[PDB]
>>> print(open('run_0.pdb').read())   # PDB, N, CA and C atoms
ATOM      1  N   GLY A   1     115.642 110.602 100.519
ATOM      2  CA  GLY A   1     116.098 109.830 101.660
ATOM      3  C   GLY A   1     115.458 110.290 102.957
ATOM      4  N   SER A   2     114.379 111.064 102.846
ATOM      5  CA  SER A   2     113.691 111.592 104.023
ATOM      6  C   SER A   2     112.552 110.694 104.520
ATOM      7  N   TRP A   3     111.942 109.929 103.615
ATOM      8  CA  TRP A   3     110.768 109.133 103.968
ATOM      9  C   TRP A   3     110.872 107.665 103.563
ATOM     10  N   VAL A   4     110.237 106.812 104.356
ATOM     11  CA  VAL A   4     110.195 105.378 104.105
ATOM     12  C   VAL A   4     108.731 104.904 104.164
ATOM     13  N   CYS A   5     108.280 104.169 103.153
ATOM     14  CA  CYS A   5     106.945 103.581 103.227
ATOM     15  C   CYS A   5     106.988 102.077 103.474
ATOM     16  N   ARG A   6     105.843 101.506 103.835
ATOM     17  CA  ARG A   6     105.733 100.081 104.074
ATOM     18  C   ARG A   6     104.379  99.665 103.515
ATOM     19  N   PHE A   7     104.315  98.462 102.941
ATOM     20  CA  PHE A   7     103.075  97.933 102.379
ATOM     21  C   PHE A   7     102.467  96.907 103.333
ATOM     22  N   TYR A   8     101.153  96.718 103.274
ATOM     23  CA  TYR A   8     100.493  95.827 104.236
ATOM     24  C   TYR A   8      99.594  94.736 103.649
ATOM     25  N   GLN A   9      99.514  94.662 102.321
ATOM     26  CA  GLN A   9      98.646  93.692 101.633
ATOM     27  C   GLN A   9      99.358  93.161 100.407
ATOM     28  N   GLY A  10      99.056  91.925 100.030
ATOM     29  CA  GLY A  10      99.542  91.372  98.772
ATOM     30  C   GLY A  10     100.997  90.944  98.779
ATOM     31  N   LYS A  11     101.567  90.868  97.584
ATOM     32  CA  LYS A  11     102.908  90.296  97.380
ATOM     33  C   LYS A  11     104.035  91.030  98.112
ATOM     34  N   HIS A  12     103.819  92.311  98.401
ATOM     35  CA  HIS A  12     104.871  93.177  98.917
ATOM     36  C   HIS A  12     104.666  93.498 100.384
ATOM     37  N   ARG A  13     103.745  92.775 101.010
ATOM     38  CA  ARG A  13     103.448  93.019 102.413
ATOM     39  C   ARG A  13     104.714  92.895 103.231
ATOM     40  N   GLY A  14     104.945  93.863 104.108
ATOM     41  CA  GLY A  14     106.088  93.797 105.004
ATOM     42  C   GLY A  14     107.325  94.474 104.438
ATOM     43  N   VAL A  15     107.342  94.710 103.127
ATOM     44  CA  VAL A  15     108.487  95.362 102.480
ATOM     45  C   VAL A  15     108.502  96.865 102.769
ATOM     46  N   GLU A  16     109.671  97.414 103.077
ATOM     47  CA  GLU A  16     109.783  98.854 103.261
ATOM     48  C   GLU A  16     110.591  99.427 102.119
ATOM     49  N   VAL A  17     110.269 100.653 101.739
ATOM     50  CA  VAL A  17     110.905 101.256 100.590
ATOM     51  C   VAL A  17     111.204 102.712 100.863
ATOM     52  N   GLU A  18     112.420 103.134 100.528
ATOM     53  CA  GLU A  18     112.829 104.508 100.742
ATOM     54  C   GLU A  18     112.250 105.300  99.590
ATOM     55  N   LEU A  19     111.579 106.405  99.895
ATOM     56  CA  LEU A  19     110.958 107.216  98.863
ATOM     57  C   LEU A  19     111.975 108.168  98.252
ATOM     58  N   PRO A  20     112.103 108.151  96.916
ATOM     59  CA  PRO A  20     113.005 109.071  96.224
ATOM     60  C   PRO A  20     112.378 110.452  96.224
ATOM     61  N   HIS A  21     113.175 111.483  95.991
ATOM     62  CA  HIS A  21     112.631 112.828  96.015
ATOM     63  C   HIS A  21     112.226 113.262  94.620
ATOM     64  N   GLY A  22     111.298 114.210  94.542
ATOM     65  CA  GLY A  22     110.699 114.574  93.277
ATOM     66  C   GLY A  22     109.449 113.744  93.032
ATOM     67  N   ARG A  23     109.089 113.580  91.764
ATOM     68  CA  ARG A  23     107.899 112.850  91.383
ATOM     69  C   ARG A  23     108.126 111.363  91.659
ATOM     70  N   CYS A  24     107.223 110.762  92.428
ATOM     71  CA  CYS A  24     107.349 109.357  92.817
ATOM     72  C   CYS A  24     106.114 108.563  92.366
ATOM     73  N   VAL A  25     106.321 107.584  91.487
ATOM     74  CA  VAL A  25     105.220 106.803  90.927
ATOM     75  C   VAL A  25     105.232 105.350  91.422
ATOM     76  N   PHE A  26     104.112 104.928  92.015
ATOM     77  CA  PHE A  26     103.876 103.521  92.360
ATOM     78  C   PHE A  26     103.009 102.945  91.238
ATOM     79  N   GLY A  27     103.350 101.759  90.739
ATOM     80  CA  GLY A  27     102.605 101.189  89.629
ATOM     81  C   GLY A  27     103.124  99.819  89.261
ATOM     82  N   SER A  28     102.457  99.148  88.319
ATOM     83  CA  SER A  28     102.855  97.784  87.944
ATOM     84  C   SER A  28     103.735  97.818  86.701
ATOM     85  N   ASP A  29     103.818  98.987  86.068
ATOM     86  CA  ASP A  29     104.543  99.140  84.814
ATOM     87  C   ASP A  29     105.932  99.746  85.055
ATOM     88  N   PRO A  30     107.001  98.939  84.925
ATOM     89  CA  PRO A  30     108.355  99.455  85.171
ATOM     90  C   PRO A  30     108.734 100.630  84.279
ATOM     91  N   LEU A  31     108.121 100.772  83.107
ATOM     92  CA  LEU A  31     108.479 101.912  82.249
ATOM     93  C   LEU A  31     107.945 103.217  82.816
ATOM     94  N   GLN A  32     106.913 103.154  83.642
ATOM     95  CA  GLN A  32     106.338 104.423  84.107
ATOM     96  C   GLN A  32     106.463 104.643  85.619
ATOM     97  N   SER A  33     106.925 103.619  86.332
ATOM     98  CA  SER A  33     106.885 103.577  87.790
ATOM     99  C   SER A  33     108.278 103.542  88.427
ATOM    100  N   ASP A  34     108.453 104.285  89.519
ATOM    101  CA  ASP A  34     109.691 104.233  90.306
ATOM    102  C   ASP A  34     109.643 103.075  91.295
ATOM    103  N   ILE A  35     108.464 102.859  91.859
ATOM    104  CA  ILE A  35     108.277 101.766  92.795
ATOM    105  C   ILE A  35     107.337 100.773  92.128
ATOM    106  N   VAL A  36     107.883  99.631  91.724
ATOM    107  CA  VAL A  36     107.154  98.658  90.925
ATOM    108  C   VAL A  36     106.479  97.591  91.798
ATOM    109  N   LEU A  37     105.156  97.550  91.751
ATOM    110  CA  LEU A  37     104.380  96.554  92.498
ATOM    111  C   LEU A  37     103.802  95.530  91.543
ATOM    112  N   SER A  38     103.818  94.262  91.942
ATOM    113  CA  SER A  38     103.495  93.174  91.049
ATOM    114  C   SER A  38     102.100  92.538  91.262
ATOM    115  N   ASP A  39     101.302  93.077  92.179
ATOM    116  CA  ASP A  39      99.936  92.556  92.362
ATOM    117  C   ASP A  39      99.103  92.865  91.111
ATOM    118  N   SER A  40      98.284  91.921  90.692
ATOM    119  CA  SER A  40      97.425  92.169  89.536
ATOM    120  C   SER A  40      96.445  93.328  89.798
ATOM    121  N   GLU A  41      96.203  93.678  91.069
ATOM    122  CA  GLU A  41      95.233  94.751  91.403
ATOM    123  C   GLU A  41      95.799  96.166  91.231
ATOM    124  N   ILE A  42      97.088  96.258  90.937
ATOM    125  CA  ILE A  42      97.756  97.544  90.826
ATOM    126  C   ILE A  42      97.826  97.989  89.357
ATOM    127  N   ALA A  43      97.392  99.214  89.052
ATOM    128  CA  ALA A  43      97.391  99.704  87.677
ATOM    129  C   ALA A  43      98.820 100.009  87.194
ATOM    130  N   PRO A  44      99.022 100.075  85.866
ATOM    131  CA  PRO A  44     100.317 100.500  85.315
ATOM    132  C   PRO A  44     100.873 101.728  86.029
ATOM    133  N   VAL A  45     100.067 102.780  86.140
ATOM    134  CA  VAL A  45     100.391 103.898  87.017
ATOM    135  C   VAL A  45      99.288 104.012  88.061
ATOM    136  N   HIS A  46      99.616 103.782  89.329
ATOM    137  CA  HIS A  46      98.581 103.588  90.363
ATOM    138  C   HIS A  46      98.515 104.759  91.349
ATOM    139  N   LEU A  47      99.676 105.327  91.671
ATOM    140  CA  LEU A  47      99.758 106.439  92.628
ATOM    141  C   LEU A  47     100.964 107.309  92.294
ATOM    142  N   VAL A  48     100.723 108.611  92.167
ATOM    143  CA  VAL A  48     101.779 109.573  91.870
ATOM    144  C   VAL A  48     101.900 110.542  93.046
ATOM    145  N   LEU A  49     103.097 110.644  93.610
ATOM    146  CA  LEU A  49     103.362 111.569  94.710
ATOM    147  C   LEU A  49     104.444 112.583  94.320
ATOM    148  N   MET A  50     104.443 113.721  95.004
ATOM    149  CA  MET A  50     105.534 114.682  94.928
ATOM    150  C   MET A  50     106.195 114.658  96.300
ATOM    151  N   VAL A  51     107.453 114.250  96.337
ATOM    152  CA  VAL A  51     108.136 114.016  97.595
ATOM    153  C   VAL A  51     109.276 115.018  97.753
ATOM    154  N   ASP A  52     109.389 115.610  98.937
ATOM    155  CA  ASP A  52     110.555 116.429  99.276
ATOM    156  C   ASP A  52     110.762 116.416 100.781
ATOM    157  N   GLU A  53     111.744 117.177 101.251
ATOM    158  CA  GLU A  53     112.160 117.113 102.651
ATOM    159  C   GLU A  53     111.025 117.433 103.629
ATOM    160  N   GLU A  54     110.167 118.368 103.233
ATOM    161  CA  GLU A  54     109.045 118.831 104.049
ATOM    162  C   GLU A  54     107.905 117.813 104.187
ATOM    163  N   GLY A  55     107.754 116.949 103.188
ATOM    164  CA  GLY A  55     106.653 116.005 103.194
ATOM    165  C   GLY A  55     106.284 115.487 101.820
ATOM    166  N   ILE A  56     105.104 114.887 101.750
ATOM    167  CA  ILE A  56     104.694 114.139 100.575
ATOM    168  C   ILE A  56     103.322 114.606 100.166
ATOM    169  N   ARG A  57     103.170 114.959  98.893
ATOM    170  CA  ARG A  57     101.895 115.450  98.391
ATOM    171  C   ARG A  57     101.280 114.538  97.329
ATOM    172  N   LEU A  58      99.970 114.342  97.414
ATOM    173  CA  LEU A  58      99.255 113.610  96.378
ATOM    174  C   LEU A  58      99.255 114.385  95.058
ATOM    175  N   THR A  59      99.692 113.729  93.984
ATOM    176  CA  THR A  59      99.655 114.320  92.651
ATOM    177  C   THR A  59      98.556 113.718  91.802
ATOM    178  N   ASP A  60      98.420 112.393  91.848
ATOM    179  CA  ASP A  60      97.402 111.709  91.067
ATOM    180  C   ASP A  60      97.302 110.238  91.542
ATOM    181  N   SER A  61      96.180 109.573  91.272
ATOM    182  CA  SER A  61      96.064 108.149  91.593
ATOM    183  C   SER A  61      95.006 107.467  90.727
ATOM    184  N   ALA A  62      95.074 106.142  90.628
ATOM    185  CA  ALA A  62      94.185 105.405  89.721
ATOM    186  C   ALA A  62      92.758 105.387  90.252
ATOM    187  N   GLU A  63      92.623 105.593  91.555
ATOM    188  CA  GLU A  63      91.321 105.828  92.175
ATOM    189  C   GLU A  63      91.573 106.688  93.403
ATOM    190  N   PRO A  64      90.505 107.175  94.057
ATOM    191  CA  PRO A  64      90.740 108.139  95.134
ATOM    192  C   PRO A  64      91.645 107.601  96.230
ATOM    193  N   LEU A  65      92.567 108.440  96.677
ATOM    194  CA  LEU A  65      93.378 108.123  97.842
ATOM    195  C   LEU A  65      92.553 108.371  99.095
ATOM    196  N   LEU A  66      92.477 107.377  99.971
ATOM    197  CA  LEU A  66      91.803 107.569 101.247
ATOM    198  C   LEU A  66      92.835 107.610 102.349
ATOM    199  N   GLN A  67      92.724 108.622 103.200
ATOM    200  CA  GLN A  67      93.570 108.735 104.383
ATOM    201  C   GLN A  67      92.678 108.649 105.608
ATOM    202  N   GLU A  68      92.934 107.653 106.447
ATOM    203  CA  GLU A  68      92.034 107.303 107.539
ATOM    204  C   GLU A  68      90.577 107.241 107.074
ATOM    205  N   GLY A  69      90.366 106.781 105.840
ATOM    206  CA  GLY A  69      89.024 106.556 105.324
ATOM    207  C   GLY A  69      88.404 107.744 104.595
ATOM    208  N   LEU A  70      89.132 108.857 104.539
ATOM    209  CA  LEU A  70      88.611 110.093 103.944
ATOM    210  C   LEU A  70      89.371 110.441 102.673
ATOM    211  N   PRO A  71      88.637 110.710 101.590
ATOM    212  CA  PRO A  71      89.275 111.026 100.310
ATOM    213  C   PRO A  71      90.176 112.246 100.444
ATOM    214  N   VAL A  72      91.341 112.200  99.813
ATOM    215  CA  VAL A  72      92.307 113.281  99.899
ATOM    216  C   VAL A  72      92.300 114.076  98.595
ATOM    217  N   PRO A  73      92.120 115.403  98.690
ATOM    218  CA  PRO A  73      92.122 116.215  97.468
ATOM    219  C   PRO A  73      93.524 116.286  96.874
ATOM    220  N   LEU A  74      93.617 116.372  95.556
ATOM    221  CA  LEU A  74      94.909 116.531  94.896
ATOM    222  C   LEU A  74      95.693 117.716  95.462
ATOM    223  N   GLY A  75      97.003 117.528  95.616
ATOM    224  CA  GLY A  75      97.913 118.558  96.099
ATOM    225  C   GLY A  75      98.094 118.526  97.606
ATOM    226  N   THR A  76      97.246 117.764  98.285
ATOM    227  CA  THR A  76      97.271 117.722  99.745
ATOM    228  C   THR A  76      98.507 117.026 100.327
ATOM    229  N   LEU A  77      99.057 117.606 101.389
ATOM    230  CA  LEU A  77     100.155 117.000 102.133
ATOM    231  C   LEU A  77      99.595 115.834 102.930
ATOM    232  N   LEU A  78     100.265 114.685 102.892
ATOM    233  CA  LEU A  78      99.739 113.503 103.577
ATOM    234  C   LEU A  78     100.292 113.391 104.999
ATOM    235  N   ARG A  79      99.549 112.721 105.870
ATOM    236  CA  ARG A  79      99.939 112.587 107.267
ATOM    237  C   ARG A  79     100.767 111.323 107.502
ATOM    238  N   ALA A  80     102.008 111.513 107.928
ATOM    239  CA  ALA A  80     102.889 110.414 108.297
ATOM    240  C   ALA A  80     102.179 109.463 109.249
ATOM    241  N   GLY A  81     102.380 108.158 109.047
ATOM    242  CA  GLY A  81     101.857 107.137 109.946
ATOM    243  C   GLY A  81     100.370 106.802 109.825
ATOM    244  N   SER A  82      99.649 107.526 108.976
ATOM    245  CA  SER A  82      98.220 107.281 108.807
ATOM    246  C   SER A  82      97.952 106.113 107.864
ATOM    247  N   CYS A  83      96.745 105.572 107.956
ATOM    248  CA  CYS A  83      96.297 104.524 107.061
ATOM    249  C   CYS A  83      95.956 105.120 105.694
ATOM    250  N   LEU A  84      96.739 104.746 104.689
ATOM    251  CA  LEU A  84      96.587 105.274 103.333
ATOM    252  C   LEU A  84      96.173 104.158 102.383
ATOM    253  N   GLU A  85      95.195 104.427 101.517
ATOM    254  CA  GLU A  85      94.670 103.399 100.594
ATOM    255  C   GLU A  85      94.402 103.960  99.219
ATOM    256  N   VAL A  86      94.771 103.188  98.210
ATOM    257  CA  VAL A  86      94.367 103.462  96.836
ATOM    258  C   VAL A  86      93.940 102.111  96.309
ATOM    259  N   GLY A  87      92.678 101.764  96.555
ATOM    260  CA  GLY A  87      92.174 100.439  96.225
ATOM    261  C   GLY A  87      92.964  99.381  96.979
ATOM    262  N   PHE A  88      93.571  98.457  96.249
ATOM    263  CA  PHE A  88      94.352  97.389  96.874
ATOM    264  C   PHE A  88      95.675  97.869  97.532
ATOM    265  N   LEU A  89      96.169  99.035  97.118
ATOM    266  CA  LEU A  89      97.414  99.558  97.641
ATOM    267  C   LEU A  89      97.153 100.102  99.049
ATOM    268  N   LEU A  90      97.608  99.362 100.057
ATOM    269  CA  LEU A  90      97.441  99.748 101.465
ATOM    270  C   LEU A  90      98.820 100.003 102.025
ATOM    271  N   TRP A  91      99.050 101.208 102.539
ATOM    272  CA  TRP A  91     100.397 101.628 102.899
ATOM    273  C   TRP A  91     100.392 102.763 103.941
ATOM    274  N   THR A  92     101.554 103.008 104.530
ATOM    275  CA  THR A  92     101.770 104.241 105.269
ATOM    276  C   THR A  92     103.237 104.623 105.078
ATOM    277  N   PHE A  93     103.625 105.788 105.575
ATOM    278  CA  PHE A  93     105.019 106.205 105.511
ATOM    279  C   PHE A  93     105.381 106.951 106.799
ATOM    280  N   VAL A  94     106.663 106.952 107.135
ATOM    281  CA  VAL A  94     107.145 107.782 108.239
ATOM    282  C   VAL A  94     108.469 108.435 107.861
ATOM    283  N   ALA A  95     108.883 109.411 108.666
ATOM    284  CA  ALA A  95     110.201 110.027 108.535
ATOM    285  C   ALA A  95     111.284 108.973 108.729
ATOM    286  N   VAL A  96     112.390 109.108 108.006
ATOM    287  CA  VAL A  96     113.485 108.162 108.175
ATOM    288  C   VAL A  96     113.916 108.185 109.640
ATOM    289  N   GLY A  97     114.119 107.006 110.214
ATOM    290  CA  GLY A  97     114.499 106.904 111.611
ATOM    291  C   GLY A  97     113.326 106.855 112.573
ATOM    292  N   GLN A  98     112.138 106.561 112.056
ATOM    293  CA  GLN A  98     110.963 106.345 112.897
ATOM    294  C   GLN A  98     110.422 104.930 112.699
ATOM    295  N   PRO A  99     109.630 104.443 113.675
ATOM    296  CA  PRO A  99     109.038 103.104 113.624
ATOM    297  C   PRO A  99     107.843 103.059 112.675
ATOM    298  N   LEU A 100     107.756 101.986 111.889
ATOM    299  CA  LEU A 100     106.590 101.721 111.049
ATOM    300  C   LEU A 100     105.699 100.714 111.764
ATOM    301  N   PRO A 101     104.386 100.985 111.815
ATOM    302  CA  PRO A 101     103.525 100.072 112.575
ATOM    303  C   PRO A 101     103.554  98.673 111.966
ATOM    304  N   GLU A 102     103.347  97.650 112.789
ATOM    305  CA  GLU A 102     103.364  96.268 112.306
ATOM    306  C   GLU A 102     102.123  95.984 111.469
ATOM    307  N   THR A 103     101.077  96.757 111.725
ATOM    308  CA  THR A 103      99.784  96.513 111.122
ATOM    309  C   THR A 103      99.061  97.839 110.981
ATOM    310  N   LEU A 104      98.197  97.933 109.972
ATOM    311  CA  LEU A 104      97.330  99.089 109.818
ATOM    312  C   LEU A 104      95.906  98.647 110.083
ATOM    313  N   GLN A 105      95.120  99.554 110.646
ATOM    314  CA  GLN A 105      93.717  99.297 110.849
ATOM    315  C   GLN A 105      92.928 100.157 109.867
ATOM    316  N   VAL A 106      92.175  99.506 108.984
ATOM    317  CA  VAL A 106      91.434 100.205 107.941
ATOM    318  C   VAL A 106      90.062 100.628 108.455
ATOM    319  N   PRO A 107      89.787 101.944 108.432
ATOM    320  CA  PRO A 107      88.550 102.517 108.968
ATOM    321  C   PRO A 107      87.358 102.325 108.047
ATOM    322  N   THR A 108      86.170 102.373 108.646
ATOM    323  CA  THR A 108      84.894 102.349 107.936
ATOM    324  C   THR A 108      83.764 102.190 108.949
TER     325      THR A 108
END
>>> encode(input="run_0.pdb", output="structure tokens")
Amino acid sequence: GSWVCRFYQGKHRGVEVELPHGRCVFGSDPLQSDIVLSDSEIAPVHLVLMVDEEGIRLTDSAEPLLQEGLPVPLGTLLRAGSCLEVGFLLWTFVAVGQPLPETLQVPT
């Protein structure tokens, strides 16, 4: 209940989701995923995070996670409010009780 994410592309654009603590899986497969996304571009298991009160760490992803356009090494703590991408999955997160931007600007 410490973090909230928001999506910016596809079927789930505009939706915000409270991140559960512990291992957090974004994916298209309800049997393997905590946060189920329905875009055809999303893999069965697409993004795996480790979430706790201190922050959110990359565990695994279907392709490299880019943060502000730069690949993030596994285990790295992610930056709240930054532009985060895993292929079609475009998202950011903030601390509960903070504003989520209306739009993300994708770098390149």
>>> residues_around(input="run_0.pdb", residues="residue 1 in chain A", least_positions_apart="4", cutoff="12 Å", atoms="only C-alpha atoms", output="list in words")
residues 5, 17, 18, 19, 20, 21, 22, 51, 52, 53, 54, 55, 94, 95, 96 and 97 of chain A
>>> residues_around(input="run_0.pdb", residues="range 32-49 of chain A", least_positions_apart="5", cutoff="8 Å", atoms="only N, CA and C atoms", output="VMD selection string")
chain A and resid 10 to 12 20 to 27 56 to 63 86 to 89
>>> closest_residue(input="run_0.pdb", among="A:82, A:103, A:92, A:67", to="residue 3 in chain A", atoms="only C-alpha atoms")
A:92
>>> closest_residue(input="run_0.pdb", among="A:78, A:90, A:108, A:100", to="residue 8 in chain A", atoms="only N, CA and C atoms")
A:90
>>> atom_distance(input="run_0.pdb", atom1="CA of residue 98 in chain A", atom2="CA of residue 2 in chain A")
10.7 Å
>>> atom_distance(input="run_0.pdb", atom1="CA of residue 6 in chain A", atom2="CA of residue 64 in chain A")
19.2 Å
>>> axis_aligned_box(input="run_0.pdb", around="range 65-76 of chain A", padding_each_side="4 Å", output="AutoDock Vina command-line options")
--center_x 93.5 --center_y 112.6 --center_z 101.2 --size_x 18.1 --size_y 20.0 --size_z 20.6
>>> closest_residue(input="run_0.pdb", among="A:28, A:50, A:102, A:7", to="residue 77 in chain A", atoms="only C-alpha atoms")
A:50
>>> atom_distance(input="run_0.pdb", atom1="CA of residue 80 in chain A", atom2="CA of residue 14 in chain A")
17.2 Å
